[PDB]
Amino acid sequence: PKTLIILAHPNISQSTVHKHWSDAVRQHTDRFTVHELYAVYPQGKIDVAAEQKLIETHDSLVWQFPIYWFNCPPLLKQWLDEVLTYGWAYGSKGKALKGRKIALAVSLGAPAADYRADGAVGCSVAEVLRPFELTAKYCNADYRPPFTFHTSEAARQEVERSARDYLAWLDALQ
């Protein structure tokens, strides 16, 4: 099957990076499925059954989102809590993610130079994303290296380049 992209962005219209990323991926619907949580669940009423079946019908799983306060948007956190249930994602009968490739595709609003021991943040991007790595590993998934991008003509071209790199990263994952 194809790769399922769980895209969580509270306002993708005002988005530049994720909007470009989303557009690029929707050009190959036979290879990827862009699932926009905020668009599908504008009231936050996640359909667990629907979400789980979507994952089962796909192969690799990707969580795409902007890094807000060194974390994910709220709807993604809710998605994790309500979709990865005991008996499905983990626990005795829960093997839905066992051996499944899981990776993150994220954007950061600070320079990469900041996420270093000698940088303003003092921590690496990997240390920041640890919660999601632990989540995937807990469910016995095959956690893969994340796709990252740190955020106007030249700038616009760079974002376009990132979108192309994202596609390549996606294919590699497959």
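One-based numbering along the sequence shown.
**Q** Please figure out whether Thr151 and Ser152 are truly consecutive in the deposited sequence or have unmodelled residues between them, and give none, 1 to 3, 4 to 9, or 10 or more.
**A** Gap between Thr151 and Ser152: 4 to 9 unmodelled residues.
**Q** Output the stretch having the higher mean C-alpha B factor in the entry; the candidates are 111-119 and 130-138.
**A** Averaged over C-alpha atoms, the B-factors run higher in 111-119.
**Q** Out of 95-103 and 68-76, which stretch has the higher average CA B-factor listed in the record?
**A** Taking the mean B-factor of the alpha carbons in each, 95-103 is higher.
**Q** How does the C-alpha B factor of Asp47 compare with the rest of the chain: lowest, middle or highest third?
**A** Middle third of the chain for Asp47's C-alpha B-factor.
**Q** Could you tell me which third, lowest, middle or highest, the C-alpha B-factor of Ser162 occupies within its chain?
**A** Middle third.
**Q** Would you check the entry's CA temperature factor for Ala168 and let me know if it's in the chain's lowest, middle or highest third?
**A** Middle third - that is where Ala168 ends up once the chain's C-alpha B-factors are sorted.
**Q** What third of its chain's C-alpha B-factors does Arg156 belong to: lowest, middle or highest?
**A** Its C-alpha B-factor belongs to the highest third of this chain's values.
**Q** Going by the CA temperature factor in the PDB record, which third of the chain does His20 belong to: lowest, middle or highest?
**A** Tercile = highest for this residue's CA B-factor.
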